[PDB]
Amino acid sequence: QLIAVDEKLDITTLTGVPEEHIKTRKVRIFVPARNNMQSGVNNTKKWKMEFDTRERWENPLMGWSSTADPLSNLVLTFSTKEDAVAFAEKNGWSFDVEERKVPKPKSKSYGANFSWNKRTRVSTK
Amino acid sequence: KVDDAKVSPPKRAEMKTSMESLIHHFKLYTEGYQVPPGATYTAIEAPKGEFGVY
Amino acid sequence: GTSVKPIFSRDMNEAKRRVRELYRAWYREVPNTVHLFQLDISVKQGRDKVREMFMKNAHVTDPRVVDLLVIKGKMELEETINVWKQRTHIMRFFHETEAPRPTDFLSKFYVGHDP
Amino acid sequence: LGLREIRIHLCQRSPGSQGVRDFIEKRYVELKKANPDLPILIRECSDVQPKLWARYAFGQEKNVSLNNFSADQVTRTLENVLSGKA
Amino acid sequence: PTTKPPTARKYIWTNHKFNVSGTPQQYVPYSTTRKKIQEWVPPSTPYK
Amino acid sequence: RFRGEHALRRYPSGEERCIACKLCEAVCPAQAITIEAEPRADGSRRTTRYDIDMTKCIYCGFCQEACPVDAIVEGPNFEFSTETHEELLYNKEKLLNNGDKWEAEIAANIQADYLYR
Amino acid sequence: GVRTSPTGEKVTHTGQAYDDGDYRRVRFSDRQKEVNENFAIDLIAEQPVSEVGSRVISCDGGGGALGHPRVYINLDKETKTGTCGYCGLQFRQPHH
Amino acid sequence: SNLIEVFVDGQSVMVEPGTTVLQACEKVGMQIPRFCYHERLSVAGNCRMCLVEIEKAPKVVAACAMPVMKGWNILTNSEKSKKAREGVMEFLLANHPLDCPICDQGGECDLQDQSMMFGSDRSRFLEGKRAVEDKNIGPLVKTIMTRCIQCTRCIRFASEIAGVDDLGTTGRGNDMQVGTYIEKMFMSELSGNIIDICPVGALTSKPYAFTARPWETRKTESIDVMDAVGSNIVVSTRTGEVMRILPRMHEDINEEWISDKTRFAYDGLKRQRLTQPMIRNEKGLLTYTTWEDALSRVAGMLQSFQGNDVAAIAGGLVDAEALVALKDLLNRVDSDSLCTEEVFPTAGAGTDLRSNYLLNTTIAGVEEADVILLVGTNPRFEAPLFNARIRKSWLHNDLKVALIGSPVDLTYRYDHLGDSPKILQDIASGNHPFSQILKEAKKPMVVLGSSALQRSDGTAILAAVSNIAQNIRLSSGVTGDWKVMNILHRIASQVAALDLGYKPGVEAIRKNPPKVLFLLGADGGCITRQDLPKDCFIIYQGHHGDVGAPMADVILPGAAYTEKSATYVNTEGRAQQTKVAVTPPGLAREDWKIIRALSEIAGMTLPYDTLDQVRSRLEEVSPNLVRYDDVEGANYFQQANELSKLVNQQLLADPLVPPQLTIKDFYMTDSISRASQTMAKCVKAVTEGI
Amino acid sequence: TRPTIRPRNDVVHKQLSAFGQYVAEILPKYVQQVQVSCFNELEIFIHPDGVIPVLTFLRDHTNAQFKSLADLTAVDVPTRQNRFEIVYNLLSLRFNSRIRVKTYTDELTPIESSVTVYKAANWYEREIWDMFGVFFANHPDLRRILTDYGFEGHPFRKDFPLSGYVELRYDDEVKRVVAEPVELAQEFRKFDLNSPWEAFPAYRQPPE
Ligand code: SF4
Ligand code: SF4
Ligand code: SF4
Ligand code: SF4
Ligand code: FES
Ligand SMILES: [Mg+2]
Ligand SMILES: [Zn+2]
């Protein structure tokens, strides 16, 4: 049979994550903005979760870039904002949510290029 | 190798001679080819037994 | 209702009984661990560490989470009893080579950017 | 003891903030010209509740709720704040 | 190489060196890039 | 076709072949290559950092397949054991010295295989 | 084209040299700083400019498929030379 | 209503009349290939990559320029469409140079990606390629014309968005080229956007050249602080270093562009930075020291003095968190002398009402007005994106624009009334034809710049402008919620400071010269040591070495806007937050953390310990600062007008003159852009062509 | 279409579809979906309660006889309410065929051990528990198989970092190997490779 729990989901004690990387982290739930160098929109369909940027310093040897936080590369993918919120909440991380930005529809008119009295007329093609 | 430059890299002379070959070489060695979504279990008769990849 | 199924326990009372049984087993085992692994700690230190490990997650109210925690504790006890573990594994519970990390605002401000 | 600033947090279209809205629309100008050198900061709350903040010397401040108050009530409590009482 | 000599280049070493690890001629690595952030230099003259 | 110690090559005039396209850095399966670049004083596209961690490298030869100008190669040398770990972290000067040291053999090896590539 | 620094350290083609204050110079004590002797900028500056009789010229770096990708260079600017973006060789049209 | 039904691959879509085939296709999530079509630019139709097959139609149509018709069945993946794409890509690649390994566009190239996704995988072109000569159009945009695919995107952007007609085509057929036909630098406050719009490596960033590849960079989304527009941006970083700045689309604000100072002055952050605490030694020279020593000296001098003696000045790049922390710290000392360099009139309502000092109409509201009056403002340089929105409304909505001030060039034709401020009174009293013009306008806007409030008679000016707005609201009645009254700010920290209760201006310092001064990023040079008594203690907290640093006794290094999660308030009143891209260099710290640590040392410790607690404090002081995209607020124009009509100071007989008269004075305005070498190159290029 | 494109076998596709219909008819209590891929692989989606009956039927039925467990593993999809996907790969020697059985679970719900059905499953279940944290009920001896003794976390989860949280080194003062928080001389460099242009129209999702 069933037991009918009435608590809130909390799996933090089972994930093995150190206490520092649970309470002091702030994840961001957002849809990435389109790269302004390209017109494609295929990279703005899903939701992303990433952690706050921590310190990076120069290696004394070779001058490479060193890090001390293990979550500097972790990025998750979600179908909806609610799924990401649920994941972050059950993992114990505090989060910020940014609402999805959509380009508003525009009214395009090729004939407006040659208007008789409007300022839309184009001097060159 | 398969004569499909969107999967297999072109020859070096083609990459250094024609535009399409250079573009495909660049993209295959930086991003790599995209594989359509799906899942397979493929198994061969390896010398130690059945060797498979899901 | 929430329509959930258990692992072992139906409510928190059975889970607490399992926790007490695991605590008894670990408390009994500590002196043998000190003898077999040739640890330089005392039995009191080992039992204090066991109590601290138990208290680290004393805030859990989900019986399923408590059940899984007890299963993991039994796994660790089985590793300790059979000597699969080595002296380094036992001594990792004490963090002997880690310098203390200060917790007040001023020291954190002095050392670096991390909050 | 020495008042330095007055802050009112009233929401734009909540029913409970109607009294504070009416007070600001009617009697705020008179209070402002009566105290031409007193900062009375009007700011907007979210859906929680209305409030009024009063700041004194050396960083001391306390807040009084204005929920469901009418214009008369908010004028009353505000002029209690602007005198050496409460 | 007697019958088939290699191509001559101005940059090819004229003197071969063997494995110099463990000697004072051993290679020591270092960063080959310049400074990233330049600091502000305070003025050298008094202010009052 | 043997894959050995890495080297950086030059054109017959002495100008470097590498143009900082970073294809080798992108394709490297071990993330063993680190590159930085900027316009040279004469406007050329050249690197300021070209490091290969040889204790990260798996010697797969992907970098020399990806290179479009044959700038980075795996040369025939295989006897380069060291006495310290730091001697196996190559920077650009070390790789250019290796290229100048082994070019006479590297060019002949390339002449014998480029028709299979 | 190696020139020495005030501390005696050789200056690399990239221009990196340790400052007097810097402690990292200790790694070169009882050892040496590896510096390549052939500055490619000075070597490519030595090459003569080719003169051709067309507005467009092609460069592949020499050696056919052993050079760089083949590119075409415009030579209309009379007060300049066309430079290959891969090789650095220069071309021009006969003037004066 | 008037929606019609069309089918994209057999799926029914209801669309408005005049909708193009491309828009109908994207209504169901299918993006058509494109090179010359940009949704914010005029349709060209030249590339021919968007050709698709309509069912039962023998000829393919250009999806970017063809209006959909009822009952049409677009076939985006048919054989004819695919073959058209392959042929067009083949023609595009025939003359393209083999430049990908040396091209900065490589890895983020539309030509590359669309060749991979819609073209063939090999070539059958067996001829020689063309090669065109390069052009010089300034120190900002690198030009390599051989890569040009003749999209004509740059020409259309220059004509329509930037208002500059310097770009065009010369010659015909294969020989046709894009350029200026003469040596002329395409210099504009928005010129750097042609790099983004160009789909190939023909136009690229010159400061960015050869430094990074797109797959390497890590993207951080934050806000621009170089003005009060608050443009949304993306910070590209690699291995702990800022590489470049890119626009991030925000329809209400910037939309898809950023100004050249926003794009190119990031190099300023790299040089002249404060990295360690500094104090004065025996010889009066600044000497490196630890955090503890400097904090102890500042705390001692802060405990030594109380009340009016302690004072502070906030600069142009300060965030809300640090402002509220400094305000709390000085309030604990019983000080109220917390001031900003930018002056706002304090008469009447002053800072009490939020509407008095904000752009009430908002940036997106410019697209609805038909008459806008600008007084003492140079929008093109002060708020380039706001000027761009004004030009967009001028072009697409026939917006009528009038200016009061010196006849600056705004890139669009406006009506010049004059520069004498008497015209303000003539319009207010109804004795001006433009008063009648405003009377008849349905959605009028009046915009007064903050640069005209810097004069001695600026307060009177505010009253005069307000009188005009009252007359408009009276004669034209109430249109509902239109908010004719507006103020255009040029400083990123000004509105947040005003919200916090900071005293606008700096006159309180002059009338009560203090002994302990706090310079929070104040580099405007408004107060020297002449205006202060001798042996005065001056503390500077900032990130750069500029006007305010060498005059201080203790230096506390802070973090720039790329190195912290900070709150900034827009001219409209919208509150936006930044994100950490790279940590502060050396020993520099977060500003609010520095102030909180100093408060702990001085004994008057502040309650908040984490950033969330500081933002809770910000909510306590002003709740609008934690609503991170809200821009709607109540309007109290009537009360402000009442309180503003009781003081009658006279105007000045000095024509209004904008601080930046010409383009050269646009580039270097603040601490970061003064340390930028790219901005210096731009200034040199505009002052002399060569 | 001839030289470079993989050939498709229609006869095999028909047989697998018919057998999937057969299995779905016989066990309606547990089968939620039956699928056959275009490269001829058959999948069966079941309810977690039917793990044992379905596997037993597929092993013991005369028309099935999948007597060998080829592979058993898990896949983590964090966007799903049931995080984990359990995949069984079975091979039939009698009929020279392969089949795949799938089910789902979350972090707190155990799955029945399939050890009684297959002897081979004992190690696979241990690996699933070690790498993902999925608990299997009635396992003969469930414990870590691949990770170090006392290792904390489940490394195959998407949320777990690639380099982990701790490293090992030898310490001379305590004269043993010690564990400390990971610090890296060179941080792993994250690449953003995905193209902003769609690759495969046949898999396009509705725009919601
Ligand atoms: S051989 Fe392979 S692993 Fe080594 S550097 Fe080249 S690409 Fe990287
Ligand atoms: S070595 Fe070759 S592949 Fe690597 S950056 Fe240089 S030119 Fe590109
Ligand atoms: S712009 Fe042309 S040369 Fe540059 S990466 Fe794209 S296709 Fe290659
Ligand atoms: S420079 Fe760029 S935007 Fe202008 S025509 Fe050429 S490809 Fe198009
Ligand atoms: S996008 Fe339609 S012709 Fe260019
Ligand atoms: Mg471009
Ligand atoms: Zn060349």
# chains A, B, ... in the order shown; residues from 1 in each chain; ligands from 1

call {"tool": "residues_near_ligand", "arguments": {"ligand": "ligand 2", "cutoff": "10 Å", "atoms": "only C-alpha atoms and all ligand atoms", "output": "PDB file with N, CA, C and O atoms, in the first residue's frame"}}
result
ATOM      1  N   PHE B  26      36.167  23.014 -41.915  1.00  0.00           N
ATOM      2  CA  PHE B  26      36.092  23.884 -40.747  1.00  0.00           C
ATOM      3  C   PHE B  26      35.004  23.424 -39.789  1.00  0.00           C
ATOM      4  O   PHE B  26      35.241  23.261 -38.585  1.00  0.00           O
ATOM      5  N   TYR B  29      35.630  19.927 -38.125  1.00  0.00           N
ATOM      6  CA  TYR B  29      36.688  19.879 -37.131  1.00  0.00           C
ATOM      7  C   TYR B  29      36.482  20.844 -35.970  1.00  0.00           C
ATOM      8  O   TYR B  29      37.187  20.730 -34.967  1.00  0.00           O
TER       9      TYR B  29
ATOM     10  N   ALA F   7      55.605  19.636 -33.329  1.00  0.00           N
ATOM     11  CA  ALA F   7      56.453  20.711 -33.822  1.00  0.00           C
ATOM     12  C   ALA F   7      55.603  21.722 -34.579  1.00  0.00           C
ATOM     13  O   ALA F   7      54.513  21.402 -35.058  1.00  0.00           O
ATOM     14  N   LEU F   8      56.112  22.948 -34.677  1.00  0.00           N
ATOM     15  CA  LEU F   8      55.495  24.012 -35.456  1.00  0.00           C
ATOM     16  C   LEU F   8      56.388  24.347 -36.643  1.00  0.00           C
ATOM     17  O   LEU F   8      57.608  24.446 -36.499  1.00  0.00           O
ATOM     18  N   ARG F   9      55.778  24.529 -37.809  1.00  0.00           N
ATOM     19  CA  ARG F   9      56.503  24.618 -39.068  1.00  0.00           C
ATOM     20  C   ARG F   9      56.457  26.028 -39.644  1.00  0.00           C
ATOM     21  O   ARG F   9      55.675  26.881 -39.223  1.00  0.00           O
ATOM     22  N   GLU F  16      56.083  31.968 -40.192  1.00  0.00           N
ATOM     23  CA  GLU F  16      55.360  30.864 -39.578  1.00  0.00           C
ATOM     24  C   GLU F  16      54.142  30.489 -40.412  1.00  0.00           C
ATOM     25  O   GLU F  16      53.538  31.325 -41.086  1.00  0.00           O
ATOM     26  N   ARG F  17      53.780  29.213 -40.359  1.00  0.00           N
ATOM     27  CA  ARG F  17      52.574  28.755 -41.031  1.00  0.00           C
ATOM     28  C   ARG F  17      51.321  28.987 -40.202  1.00  0.00           C
ATOM     29  O   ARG F  17      50.253  29.231 -40.770  1.00  0.00           O
ATOM     30  N   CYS F  18      51.428  28.940 -38.876  1.00  0.00           N
ATOM     31  CA  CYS F  18      50.245  29.018 -38.033  1.00  0.00           C
ATOM     32  C   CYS F  18      49.611  30.399 -38.118  1.00  0.00           C
ATOM     33  O   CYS F  18      50.295  31.423 -38.042  1.00  0.00           O
ATOM     34  N   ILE F  19      48.291  30.411 -38.261  1.00  0.00           N
ATOM     35  CA  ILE F  19      47.493  31.612 -38.436  1.00  0.00           C
ATOM     36  C   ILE F  19      46.427  31.750 -37.361  1.00  0.00           C
ATOM     37  O   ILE F  19      45.474  32.513 -37.537  1.00  0.00           O
ATOM     38  N   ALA F  20      46.555  31.014 -36.259  1.00  0.00           N
ATOM     39  CA  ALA F  20      45.704  31.177 -35.079  1.00  0.00           C
ATOM     40  C   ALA F  20      44.224  30.975 -35.394  1.00  0.00           C
ATOM     41  O   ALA F  20      43.364  31.699 -34.893  1.00  0.00           O
ATOM     42  N   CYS F  21      43.920  29.984 -36.231  1.00  0.00           N
ATOM     43  CA  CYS F  21      42.532  29.631 -36.500  1.00  0.00           C
ATOM     44  C   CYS F  21      41.899  28.836 -35.366  1.00  0.00           C
ATOM     45  O   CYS F  21      40.669  28.804 -35.269  1.00  0.00           O
ATOM     46  N   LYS F  22      42.713  28.189 -34.529  1.00  0.00           N
ATOM     47  CA  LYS F  22      42.275  27.461 -33.339  1.00  0.00           C
ATOM     48  C   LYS F  22      41.464  26.214 -33.675  1.00  0.00           C
ATOM     49  O   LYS F  22      40.692  25.732 -32.846  1.00  0.00           O
ATOM     50  N   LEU F  23      41.624  25.677 -34.883  1.00  0.00           N
ATOM     51  CA  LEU F  23      40.951  24.428 -35.218  1.00  0.00           C
ATOM     52  C   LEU F  23      41.539  23.265 -34.433  1.00  0.00           C
ATOM     53  O   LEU F  23      40.810  22.373 -33.986  1.00  0.00           O
ATOM     54  N   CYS F  24      42.863  23.258 -34.265  1.00  0.00           N
ATOM     55  CA  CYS F  24      43.519  22.221 -33.480  1.00  0.00           C
ATOM     56  C   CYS F  24      43.087  22.278 -32.022  1.00  0.00           C
ATOM     57  O   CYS F  24      42.885  21.240 -31.385  1.00  0.00           O
ATOM     58  N   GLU F  25      42.957  23.486 -31.476  1.00  0.00           N
ATOM     59  CA  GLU F  25      42.463  23.646 -30.114  1.00  0.00           C
ATOM     60  C   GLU F  25      41.029  23.145 -29.985  1.00  0.00           C
ATOM     61  O   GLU F  25      40.678  22.501 -28.991  1.00  0.00           O
ATOM     62  N   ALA F  26      40.190  23.432 -30.981  1.00  0.00           N
ATOM     63  CA  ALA F  26      38.804  22.984 -30.946  1.00  0.00           C
ATOM     64  C   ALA F  26      38.699  21.464 -31.011  1.00  0.00           C
ATOM     65  O   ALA F  26      37.917  20.861 -30.269  1.00  0.00           O
ATOM     66  N   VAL F  27      39.481  20.825 -31.881  1.00  0.00           N
ATOM     67  CA  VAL F  27      39.310  19.396 -32.118  1.00  0.00           C
ATOM     68  C   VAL F  27      40.027  18.510 -31.101  1.00  0.00           C
ATOM     69  O   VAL F  27      39.712  17.316 -31.014  1.00  0.00           O
ATOM     70  N   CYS F  28      40.951  19.054 -30.315  1.00  0.00           N
ATOM     71  CA  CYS F  28      41.793  18.221 -29.466  1.00  0.00           C
ATOM     72  C   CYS F  28      40.949  17.480 -28.434  1.00  0.00           C
ATOM     73  O   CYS F  28      40.279  18.124 -27.616  1.00  0.00           O
ATOM     74  N   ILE F  33      45.743  21.820 -25.832  1.00  0.00           N
ATOM     75  CA  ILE F  33      46.273  22.964 -26.562  1.00  0.00           C
ATOM     76  C   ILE F  33      45.617  24.233 -26.037  1.00  0.00           C
ATOM     77  O   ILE F  33      44.392  24.294 -25.889  1.00  0.00           O
ATOM     78  N   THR F  34      46.434  25.245 -25.747  1.00  0.00           N
ATOM     79  CA  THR F  34      45.950  26.554 -25.322  1.00  0.00           C
ATOM     80  C   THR F  34      46.566  27.619 -26.217  1.00  0.00           C
ATOM     81  O   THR F  34      47.786  27.645 -26.401  1.00  0.00           O
ATOM     82  N   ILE F  35      45.727  28.496 -26.766  1.00  0.00           N
ATOM     83  CA  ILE F  35      46.140  29.446 -27.793  1.00  0.00           C
ATOM     84  C   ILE F  35      45.625  30.837 -27.450  1.00  0.00           C
ATOM     85  O   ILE F  35      44.482  30.998 -27.012  1.00  0.00           O
ATOM     86  N   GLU F  36      46.476  31.841 -27.653  1.00  0.00           N
ATOM     87  CA  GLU F  36      46.092  33.245 -27.624  1.00  0.00           C
ATOM     88  C   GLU F  36      46.695  33.920 -28.846  1.00  0.00           C
ATOM     89  O   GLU F  36      47.726  33.478 -29.354  1.00  0.00           O
ATOM     90  N   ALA F  37      46.052  34.982 -29.324  1.00  0.00           N
ATOM     91  CA  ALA F  37      46.490  35.629 -30.550  1.00  0.00           C
ATOM     92  C   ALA F  37      46.073  37.092 -30.560  1.00  0.00           C
ATOM     93  O   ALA F  37      45.216  37.527 -29.789  1.00  0.00           O
ATOM     94  N   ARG F  45      48.126  37.863 -38.789  1.00  0.00           N
ATOM     95  CA  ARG F  45      47.332  37.110 -37.819  1.00  0.00           C
ATOM     96  C   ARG F  45      48.218  36.017 -37.235  1.00  0.00           C
ATOM     97  O   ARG F  45      48.445  34.984 -37.866  1.00  0.00           O
ATOM     98  N   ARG F  46      48.722  36.242 -36.024  1.00  0.00           N
ATOM     99  CA  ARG F  46      49.698  35.349 -35.419  1.00  0.00           C
ATOM    100  C   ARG F  46      49.366  35.142 -33.951  1.00  0.00           C
ATOM    101  O   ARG F  46      48.642  35.928 -33.339  1.00  0.00           O
ATOM    102  N   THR F  47      49.909  34.068 -33.390  1.00  0.00           N
ATOM    103  CA  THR F  47      49.671  33.730 -31.996  1.00  0.00           C
ATOM    104  C   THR F  47      50.639  34.463 -31.077  1.00  0.00           C
ATOM    105  O   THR F  47      51.756  34.815 -31.462  1.00  0.00           O
ATOM    106  N   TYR F  50      51.020  29.573 -27.621  1.00  0.00           N
ATOM    107  CA  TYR F  50      50.701  28.271 -28.215  1.00  0.00           C
ATOM    108  C   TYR F  50      51.327  27.209 -27.318  1.00  0.00           C
ATOM    109  O   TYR F  50      52.497  26.855 -27.479  1.00  0.00           O
ATOM    110  N   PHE F  62      44.937  14.333 -34.229  1.00  0.00           N
ATOM    111  CA  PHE F  62      43.793  15.070 -34.757  1.00  0.00           C
ATOM    112  C   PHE F  62      44.161  16.502 -35.104  1.00  0.00           C
ATOM    113  O   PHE F  62      43.609  17.072 -36.052  1.00  0.00           O
ATOM    114  N   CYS F  63      45.079  17.096 -34.343  1.00  0.00           N
ATOM    115  CA  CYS F  63      45.451  18.489 -34.552  1.00  0.00           C
ATOM    116  C   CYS F  63      46.093  18.698 -35.918  1.00  0.00           C
ATOM    117  O   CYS F  63      45.855  19.721 -36.568  1.00  0.00           O
ATOM    118  N   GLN F  64      46.917  17.754 -36.366  1.00  0.00           N
ATOM    119  CA  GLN F  64      47.559  17.904 -37.663  1.00  0.00           C
ATOM    120  C   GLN F  64      46.624  17.579 -38.820  1.00  0.00           C
ATOM    121  O   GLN F  64      46.851  18.058 -39.934  1.00  0.00           O
ATOM    122  N   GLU F  65      45.582  16.778 -38.584  1.00  0.00           N
ATOM    123  CA  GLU F  65      44.542  16.617 -39.596  1.00  0.00           C
ATOM    124  C   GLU F  65      43.706  17.882 -39.716  1.00  0.00           C
ATOM    125  O   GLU F  65      43.329  18.283 -40.822  1.00  0.00           O
ATOM    126  N   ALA F  66      43.410  18.524 -38.585  1.00  0.00           N
ATOM    127  CA  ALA F  66      42.547  19.696 -38.602  1.00  0.00           C
ATOM    128  C   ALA F  66      43.251  20.924 -39.160  1.00  0.00           C
ATOM    129  O   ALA F  66      42.588  21.817 -39.694  1.00  0.00           O
ATOM    130  N   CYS F  67      44.573  20.994 -39.042  1.00  0.00           N
ATOM    131  CA  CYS F  67      45.291  22.190 -39.458  1.00  0.00           C
ATOM    132  C   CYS F  67      45.163  22.378 -40.965  1.00  0.00           C
ATOM    133  O   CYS F  67      45.436  21.442 -41.727  1.00  0.00           O
ATOM    134  N   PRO F  68      44.749  23.553 -41.433  1.00  0.00           N
ATOM    135  CA  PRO F  68      44.598  23.782 -42.875  1.00  0.00           C
ATOM    136  C   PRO F  68      45.852  24.255 -43.594  1.00  0.00           C
ATOM    137  O   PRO F  68      45.801  24.440 -44.814  1.00  0.00           O
ATOM    138  N   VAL F  69      46.965  24.461 -42.894  1.00  0.00           N
ATOM    139  CA  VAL F  69      48.166  24.998 -43.525  1.00  0.00           C
ATOM    140  C   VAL F  69      49.387  24.160 -43.164  1.00  0.00           C
ATOM    141  O   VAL F  69      50.523  24.563 -43.430  1.00  0.00           O
ATOM    142  N   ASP F  70      49.158  22.988 -42.569  1.00  0.00           N
ATOM    143  CA  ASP F  70      50.229  22.105 -42.095  1.00  0.00           C
ATOM    144  C   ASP F  70      51.192  22.834 -41.163  1.00  0.00           C
ATOM    145  O   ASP F  70      52.411  22.756 -41.318  1.00  0.00           O
ATOM    146  N   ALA F  71      50.647  23.550 -40.181  1.00  0.00           N
ATOM    147  CA  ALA F  71      51.491  24.283 -39.245  1.00  0.00           C
ATOM    148  C   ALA F  71      51.890  23.416 -38.058  1.00  0.00           C
ATOM    149  O   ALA F  71      53.049  23.430 -37.635  1.00  0.00           O
ATOM    150  N   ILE F  72      50.948  22.656 -37.510  1.00  0.00           N
ATOM    151  CA  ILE F  72      51.203  21.777 -36.375  1.00  0.00           C
ATOM    152  C   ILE F  72      51.260  20.342 -36.881  1.00  0.00           C
ATOM    153  O   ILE F  72      50.367  19.892 -37.607  1.00  0.00           O
ATOM    154  N   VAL F  73      52.332  19.632 -36.531  1.00  0.00           N
ATOM    155  CA  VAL F  73      52.521  18.246 -36.933  1.00  0.00           C
ATOM    156  C   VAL F  73      53.012  17.450 -35.734  1.00  0.00           C
ATOM    157  O   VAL F  73      53.499  18.001 -34.746  1.00  0.00           O
TER     158      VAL F  73
ATOM    159  N   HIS G  68      49.058  26.760 -48.325  1.00  0.00           N
ATOM    160  CA  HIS G  68      47.818  27.176 -47.695  1.00  0.00           C
ATOM    161  C   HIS G  68      46.684  27.157 -48.707  1.00  0.00           C
ATOM    162  O   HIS G  68      46.904  26.943 -49.901  1.00  0.00           O
ATOM    163  N   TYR G  86      47.712  34.518 -45.534  1.00  0.00           N
ATOM    164  CA  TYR G  86      48.280  33.308 -44.956  1.00  0.00           C
ATOM    165  C   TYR G  86      49.802  33.349 -44.900  1.00  0.00           C
ATOM    166  O   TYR G  86      50.395  33.109 -43.845  1.00  0.00           O
TER     167      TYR G  86
ATOM    168  N   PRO H 101      39.758  30.102 -42.105  1.00  0.00           N
ATOM    169  CA  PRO H 101      40.708  30.039 -40.986  1.00  0.00           C
ATOM    170  C   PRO H 101      41.294  31.386 -40.581  1.00  0.00           C
ATOM    171  O   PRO H 101      41.739  31.518 -39.435  1.00  0.00           O
ATOM    172  N   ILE H 102      41.319  32.382 -41.466  1.00  0.00           N
ATOM    173  CA  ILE H 102      41.791  33.721 -41.124  1.00  0.00           C
ATOM    174  C   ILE H 102      40.654  34.705 -40.929  1.00  0.00           C
ATOM    175  O   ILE H 102      40.913  35.882 -40.644  1.00  0.00           O
TER     176      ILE H 102
END

call {"tool": "residues_near_ligand", "arguments": {"ligand": "ligand 7", "cutoff": "6 Å", "atoms": "only C-alpha atoms and all ligand atoms", "output": "ChimeraX atom specification"}}
result
/G:59-61,84,86-87,89

call {"tool": "atom_distance", "arguments": {"atom1": "CA of residue 232 in chain H", "atom2": "CA of residue 248 in chain H"}}
result
5.0 Å

call {"tool": "residues_near_ligand", "arguments": {"ligand": "ligand 6", "cutoff": "7 Å", "atoms": "only C-alpha atoms and all ligand atoms", "output": "count of residues only"}}
result
12

call {"tool": "atom_distance", "arguments": {"atom1": "CA of residue 151 in chain H", "atom2": "CA of residue 193 in chain H"}}
result
15.2 Å

call {"tool": "select_by_dssp", "arguments": {"residues": "chain G", "states": "strand (DSSP E or B)", "output": "PDB file with C-alpha atoms, in the first residue's frame"}}
result
ATOM      1  CA  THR G   4      68.347  41.893 -24.370  1.00  0.00           C
ATOM      2  CA  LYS G  10      66.355  37.730 -23.773  1.00  0.00           C
ATOM      3  CA  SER G  50      56.830  40.346 -56.745  1.00  0.00           C
ATOM      4  CA  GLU G  51      55.772  42.339 -59.802  1.00  0.00           C
ATOM      5  CA  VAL G  56      44.306  39.997 -59.633  1.00  0.00           C
ATOM      6  CA  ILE G  57      46.939  37.467 -58.561  1.00  0.00           C
ATOM      7  CA  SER G  58      46.610  34.102 -56.832  1.00  0.00           C
ATOM      8  CA  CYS G  59      48.702  32.761 -53.957  1.00  0.00           C
ATOM      9  CA  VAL G  71      43.352  32.913 -52.323  1.00  0.00           C
ATOM     10  CA  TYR G  72      43.175  35.775 -54.810  1.00  0.00           C
ATOM     11  CA  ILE G  73      44.579  39.253 -54.162  1.00  0.00           C
ATOM     12  CA  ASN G  74      43.495  42.553 -55.713  1.00  0.00           C
ATOM     13  CA  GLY G  82      48.791  43.246 -51.844  1.00  0.00           C
ATOM     14  CA  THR G  83      49.696  40.888 -49.008  1.00  0.00           C
ATOM     15  CA  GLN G  90      53.712  40.751 -51.242  1.00  0.00           C
ATOM     16  CA  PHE G  91      52.716  41.505 -54.826  1.00  0.00           C
ATOM     17  CA  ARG G  92      52.311  44.668 -56.866  1.00  0.00           C
TER      18      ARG G  92
END

call {"tool": "atom_distance", "arguments": {"atom1": "CA of residue 40 in chain E", "atom2": "CA of residue 539 in chain H"}}
result
16.7 Å
